[PDB]
Amino acid sequence: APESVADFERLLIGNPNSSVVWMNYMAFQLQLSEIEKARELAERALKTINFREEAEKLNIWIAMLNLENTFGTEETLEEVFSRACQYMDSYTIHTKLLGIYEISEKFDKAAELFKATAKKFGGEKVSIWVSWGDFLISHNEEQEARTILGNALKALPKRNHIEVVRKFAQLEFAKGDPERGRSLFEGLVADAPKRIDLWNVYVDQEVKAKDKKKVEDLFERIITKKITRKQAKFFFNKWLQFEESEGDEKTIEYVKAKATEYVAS
Amino acid sequence: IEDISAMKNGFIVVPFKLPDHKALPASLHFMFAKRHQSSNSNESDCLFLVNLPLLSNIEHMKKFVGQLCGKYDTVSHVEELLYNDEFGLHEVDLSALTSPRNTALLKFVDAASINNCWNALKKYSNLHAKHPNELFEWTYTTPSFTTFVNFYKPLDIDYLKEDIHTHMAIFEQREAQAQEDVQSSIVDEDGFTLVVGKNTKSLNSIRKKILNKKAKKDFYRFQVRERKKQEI
Amino acid sequence: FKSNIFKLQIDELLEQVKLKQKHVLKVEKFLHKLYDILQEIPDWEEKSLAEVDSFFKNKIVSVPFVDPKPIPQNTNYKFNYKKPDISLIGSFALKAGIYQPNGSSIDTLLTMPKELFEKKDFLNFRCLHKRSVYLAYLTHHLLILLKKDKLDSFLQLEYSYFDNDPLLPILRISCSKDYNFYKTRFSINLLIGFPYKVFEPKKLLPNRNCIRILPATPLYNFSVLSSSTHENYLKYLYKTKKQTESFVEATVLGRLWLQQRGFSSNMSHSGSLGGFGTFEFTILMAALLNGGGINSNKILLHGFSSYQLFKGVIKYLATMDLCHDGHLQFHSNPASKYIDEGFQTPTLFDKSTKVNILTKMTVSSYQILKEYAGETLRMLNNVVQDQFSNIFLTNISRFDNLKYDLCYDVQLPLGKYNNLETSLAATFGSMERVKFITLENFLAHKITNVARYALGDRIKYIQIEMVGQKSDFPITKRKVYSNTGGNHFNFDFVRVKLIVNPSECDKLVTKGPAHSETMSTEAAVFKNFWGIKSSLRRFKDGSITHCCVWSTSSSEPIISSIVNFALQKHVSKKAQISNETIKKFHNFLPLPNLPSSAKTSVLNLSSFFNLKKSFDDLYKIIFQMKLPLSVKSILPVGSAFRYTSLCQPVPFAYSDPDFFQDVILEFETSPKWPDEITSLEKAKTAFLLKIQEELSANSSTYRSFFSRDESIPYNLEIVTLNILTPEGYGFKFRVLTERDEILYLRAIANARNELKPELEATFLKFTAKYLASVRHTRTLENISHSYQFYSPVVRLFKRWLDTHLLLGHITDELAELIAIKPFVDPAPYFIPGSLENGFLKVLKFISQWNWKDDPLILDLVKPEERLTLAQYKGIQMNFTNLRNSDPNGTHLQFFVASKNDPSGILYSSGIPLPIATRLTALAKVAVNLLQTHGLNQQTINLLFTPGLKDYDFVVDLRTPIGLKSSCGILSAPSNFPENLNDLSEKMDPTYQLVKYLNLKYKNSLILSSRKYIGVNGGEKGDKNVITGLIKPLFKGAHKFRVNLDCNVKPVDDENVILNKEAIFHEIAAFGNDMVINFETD
């Protein structure tokens, strides 16, 4: 581990693209507490690194963003926010400043940034709605989360409507309300009952959610609906894996019997 | 050290025995490859190549795919090569400003071609991993003083004349069309005309200009009242 | 402002130079013990010559009887010694004792009695023989007393001379490791002198004889009268020290200036340098405080600070003559007055004591003092830069090849004192001994007058150093005994140093007086001075004058020829003459394969002017051709057009990289240019195509073809017109229009924020190629005409850089700027008057340059448009802004700026910090080599040997054909071939190879080569090396990436390092038909 400023400088000469020792040096000046040398150091780094190193550029962007969140003020946040959105991809800078807001615990200001990125970039992007739903359901605000899903439904195209109701149902099954996830899932199969990948993520999410009677009735609904041979044996064998992981031999025999009368057609 | 055959990112190393030197105390040339995914129409069925050998060209990949099909007996036929700025000269289009470093992209004909050369290079990775002596020999189209005097050679006057004349003709056609398009009374849909001037010929340049871009304090009675205040 | 900065700086120097009261108290306690000792010394009476002979024969102390010894047949007087009057003399006595590195001295006068004086003791060595037996008896009795009180354990006593006066020997006591003053580093001197007013001044005058055999002996009169009147000076300086307050700081400032220049208070008439130091400075500034006006005005006042006193006294020594026009007169015990009659000797005269002060200074010492006074007056009146350390902190007197412009080693195998009459061509007789008492003085003055009359106007100033002069001899010796130098005399050899007028450095004939009927006295001395070499020639216009014609030679100058002839004629037939240093330098400069190249001088420009003549013929033709746009200007911008090409331009020599000199061809303004950069370059190509067609259709004797220019990145259609004119020359016309700067600014505007510095480098390369190059060319050609020696200096410096393999990555205009720095600003040195002195001054400057703190600001002008205050401070603000944006210098190292270019980046951009540190390290290693070892042929050969070490690999390559004759250097290709492909065949690729591999491995490797194969390809000119350094970036091992831009090898499944052997085999397969040897580390 290097400790002296001259050795630090000679290693910055020796490796101009080593962003890891760049953040080691910025960490050193944070332990010695010089924010002026911090901003001039970020300026010197952005002057000296290459232009085709966009990942390192984004890294020093979020580096100056972290320093101005922990030790800077809101006007400097606005200035570096504007310059970063001018240089690099503004939606990415929106999400990084969002994440730093999450790890710095400013709920109301992070929420204002959610509104901002949703009004500017909500016509074509979906990950901002994903992150807004995650924040709001960690805040446990279900009806406003559903109205954010409605804003996505009115502001996105149709395939993006499908993606946003799918992701909201997944995060509902993960940490949100399971019955709300079930309701949006049955509504989605009411809009489109053919989508085999959608049925697949639905049955994977119920077999991770561990609700036995719904596993049963959904699988019987898969029996009633049209399924091809490869996807049929896929759902059948994954149901076998679920039933052998939990241990019900009567259901094992039931699935083998229904599989025999399925292949005898 | 001979079993380093696949990186965690997913890159396959392709070593090469180089032609040895007469005064050297064989050797290894480490080539990497991974298939590339893109929604671009002219960037379908393409292979990302990392650390290409020196001055490797269409002929180099032709000899390489010939050796590959002769060894592993698959059907794979390459089409073209992309991103050959092996030096770093054609990076920035100054022409377009006015009006994948060290990598290459290899084009194939179909999915059969790409999957056959893919399993061929996979078997080549296992070939180096188990028996690193049964590999290919990468060769250069090794330049001599004939290619050096090509690098120091005068230019063909007839080729120069033809290139100059055709470029001037196409440039004049494009310039005349853009000039007429600017000064052809560009009326909007909602009745609005547009203000151009005499001697302008680029609506691009109009957009670029856009992108580049009496207090009489003693007059009133209240102001002279404050003037009296400031005397006091 | 000048007051503030100079006051703070003199405060810094005075706190640096100030001594300590501990040293003061130690030395005064020691001299108090010496006081007690001298009062315990007992007195004695009249005794005879044989009696003191037996005395100092049975005793160990030997009396220092000077030449000639006293003889009892001719001495009718005897001896005595009574209580001497003791006093302390020195800077400490003036309360100005300062720290000196090698040591300092406080002298003590022991004053001889009037009752011991006889009234005719001043005649014929009597008083000085009395002084010698006086000091010998005092040494014996002080020896008894030191053996008594046990101070013999660490005190060492020797005989010496008062300021190198061989007629006046003194004593010197020193302490080695309670009365020990070894920490003080002092050495006390014991002087035997006379009281005030002890002999007749009117019979003691410089024109009054005191040696009878009528010529006088003014320096001996000065010695006896100064040893009489030592203490009147001391009370007068004590009075003036009471009168003015800043005297001590003024005199330490003067003393440090004198010792930094190299002078001293020693004797200079023995073939030495000095005569002016602390004591002379104090007496002179006291006289100038007394007055110094033309009608006895005062020049210096009591209320003046040391800055004002120094500026005044140096203004006086610069403006007023004291040797050939006038003299100064003052009274010590009422006012000073300058009078207008030169006495052909330094003349500051006191009538209250009837003394001339500066008789220790010779004419050459006064001349060099005049030139130094002028230089420092110029640096004082300089208001732009900071001249303070420039004046006071650079001892130039270290290297004689950097202090003087021509050094000459001459050996004189004399023999013996009676062998003088056979070993000399002059005569040292009785009256010669009277005028020039010591043989060293006589021979030195003979060499000065002979060499001065021989050279005439080819020298500004002269200096004769006597190498081997020991001014120290023990007590047991009568004088300084030696056997060095082929004789028994106190010198090894003679170093003749010349400050040379560079314009008349190489005039072929040495013009004398005209021819009348009667042989004039001047032509008589001419004829008896030249003998066989003289003649009478009728010139081109018809004058009939005497002149001795010489012949020019490249390897050696006419100064060497003429001083060889003069010393071997009018001095002796046995002396040996040498300057093999400058002989080898002129040998190391290349010699073009042309008729009469050997006898051609080094200042000849006839090849360049022939090139210019052919260019002007082509210029007329292309100017009167007929084009759709008429031609506006044609500007030659080539290195030959500024006389900084390395190989001189030989006709039809088409393998030198500077064969094609660049000309700019600019048409008139036109509104119908295209506005798209590629089509713009294509339109310029169209104009060049029409030009080529018209040339081949009208003036068929000219030949022509078309090449590309890839030096500008991303502008790939730049086509240049190669024209071969039948006097054997090549010009590549490139076209400059009124739209290039506009399109480049528009491109750098429309480029996004990542690629902006790349287009900054692009536009900067464009500027340095096209626009500021013309300004650079005309400026350097003009100031080269004013400074002839700039072209051989820059040629030698480019040769040095090419053999050290830095030229491939350092551009030629930066080479020319860093070469021309000492010619533009030679402060505090002189303007260079030799290839040797110029090149070594460049090396010393580039070694002492600290570019991390110091920027280079130049004003390329003729000698006395200069950069005024506002422009200077603006350039310095640009520099400090660049250093705030880059403090360490990973991106720029040399900030060079001139009037044509106040930017500071334009020529030194894109320079590897390894290359810059390697250049500074090479300069430091070179100057340390010249510090430890004497300058000679082996040292300069080691200077020109290439390094080949510190490189991680070297690649030795040869060409199938030696290229020395084709490059145009004799140890010749007559005509152009019928095939331009065969031109490319005889061409050489190695620079394009190393450039393309630099472009390939720009991320990881640094590869350098030799550019000039015609000089550096061995004796045949067919070899070239490729040295290669690995970056620490890939010396370390790193994570696998996608844009790593190197040929690698993984050490595991994640981390990789570089593939050295694969790089080596890539280069080997590239140069398969050319690479021979390859060494690795």
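Given segment C:545-591, what whole percent of its Cα pairs are spread farther than 14 Å? So the portion of pairs separated by more than 14 Å is 58 percent. Cross-link pairs exceeding 26 Å in C-alpha to C-alpha distance, out of C:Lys235/C:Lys360; C:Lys29/C:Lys114; C:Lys852/C:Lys995; C:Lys862/C:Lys924; B:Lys17/B:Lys71, comprise C:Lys29/C:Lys114; C:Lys852/C:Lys995; C:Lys862/C:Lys924. Over segment B:35-166, the fraction of Cα-Cα pairs per 5 Å bin, rounded to whole percents and listed from the shortest bin up, is 2, 8, 13, 16, 18, 15, 11, 8, 5, 3, 1, 0. Electrostatic tally near A:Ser131: other residues with Cβ closer than 13 Å to its Cβ, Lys and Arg +1, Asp and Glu -1, net +2. Comparing C:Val313, C:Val794, C:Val927 along the charge dipole axis of the protein assembly as shown, the residue lying farthest to the positive side is C:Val313, per the Cβ-charge model.
With +1 on each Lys and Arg Cβ and -1 on each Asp and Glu Cβ, how big is the dipole of the protein assembly as shown about its Cα centre, in debye rounded to the nearest 20?
It works out to roughly 6220 debye.
Bridge orientation summary for segment C:579-948: considering DSSP beta bridges with both residues in this region, about 70 percent are antiparallel. Based on the Stokes-Einstein relation at 10 °C and a viscosity of 1.306 mPa s, and on the Kirkwood radius from alpha carbon pairs, segment C:900-990 is assigned a translational diffusion coefficient of 87 µm²/s. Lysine pairs in segment C:1018-1081 whose alpha-carbon atoms fall under 25 angstrom of each other, counting only those eight or more residues apart or on distinct chains, come to 9. Of the beta bridges in chain B, as assigned by DSSP with both residues counted there, near 95 percent are antiparallel.
Cross-link partners of C:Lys1000 among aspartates and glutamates, defined as those whose alpha carbon lies under 19 angstrom from its own and excluding same-chain residues fewer than eight positions apart: A:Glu53, B:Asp85, B:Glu86, B:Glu91, C:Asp709, C:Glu710, C:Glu758, C:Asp952, C:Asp1045, C:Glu1061, C:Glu1066. Once you've got the Cα coordinates, tell me which of C:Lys612/C:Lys873; C:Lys632/C:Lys986; C:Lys583/C:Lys964 are over 28 Å apart. Too far apart for the 28 Å limit: C:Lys612/C:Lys873; C:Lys632/C:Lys986.
Per-residue Cβ neighbour counts within 10 Å put A:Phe235, C:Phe705 in the sequence C:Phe705, A:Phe235, beginning with the fewest.
In chain C, taking the dipole from charged Cβ atoms about the Cα centre, the farthest positive-side position among C:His488, C:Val1075, C:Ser430 is held by C:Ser430. Counting only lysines at least 8 places from C:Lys18 when in the same chain, those with an alpha carbon closer than 17 Å to its own are C:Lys7, C:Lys26, C:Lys95, C:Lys183.
Could you work out the mean count of beta carbons from other protein chains within 10 Å of each residue's beta carbon in C:1061-1067?
6
Under 1.5 on a/c is rounded, so check that first for segment C:502-644, then, if it is not, pick prolate when a/b is larger than b/c and oblate when it is not; a ≥ b ≥ c are the square roots of the alpha carbon gyration tensor eigenvalues.
It comes out oblate by the Cα gyration axes.
Listed by chain and number, the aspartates and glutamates placed with their C-alpha closer than 19 angstrom to that of C:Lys497 are C:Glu371, C:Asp400, C:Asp405, C:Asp409, C:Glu440, C:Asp457, C:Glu465, C:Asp506, C:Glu556, C:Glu580, C:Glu836; residues fewer than eight positions away on the same chain are left out. Indicate the gyration tensor shape class of segment C:579-948 (rounded, prolate or oblate), computed on the Cα atoms with a ≥ b ≥ c the square roots of the eigenvalues: a/c under 1.5 is rounded; otherwise a/b larger than b/c is prolate and the rest oblate. Oblate, since a/c reaches 1.5 and b/c is not below a/b. Each part reduced to its alpha carbon centroid, segment C:956-1021 and segment C:121-168 end up 73 Å apart.
Taking the square roots of 5 times each eigenvalue of the Cα gyration tensor of segment B:1-109, largest first, gives ellipsoid semi-axes of 27, 20, 15 Å.
Of interest is the spacing of the C-alpha centroids, which for segment A:40-85 and segment C:306-347 amounts to 69 Å.
Using only C-alpha positions, report the orientation-averaged shadow area of the convex hull of chain C, nm², one decimal.
Computed as one quarter of the Cα hull surface, the answer is 54.5 nm².
Dipole of segment C:1-64 computed with +1 at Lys/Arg Cβ and -1 at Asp/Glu Cβ about the Cα centre; of C:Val27, C:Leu38, C:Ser3, farthest Cα towards the positive end is C:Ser3.
Can you pick out the pairs among C:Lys460/C:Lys540; C:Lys446/C:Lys569; A:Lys158/A:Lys210 whose Cα atoms lie more than 20 Å from each other? The answer is C:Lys460/C:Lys540; A:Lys158/A:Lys210. For the segment C:983-995, counting C-beta atoms of other chains within 10 Å of every residue's C-beta and taking the mean gives 3. Nearest 500 deg cm²/dmol is fine: what mean residue ellipticity at 222 nm does chain C get from its DSSP H runs of n ≥ 4 alone, each adding -39,500 (n - 2.57), divided by its residue count? Mean residue ellipticity, 222 nm, calculated: -12500 deg cm²/dmol. Considering every alpha-carbon pair of the protein assembly as shown, the percent of pairs per 20 Å bin, from zero through the bin containing the longest distance, is 7, 23, 27, 21, 14, 6, 2, 0, 0. Each peptide in C:902-909, C:879-886 receives the mean, over its residues, of other Cβ atoms within 10 Å, and ordering these scores from highest gives C:902-909, C:879-886.
Please note: Cβ atoms are built from the backbone with ideal geometry, for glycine as well, and neighbour counts cover all protein chains shown. The numbers here are math on the coordinates, done by the rules we state, and not lab data.
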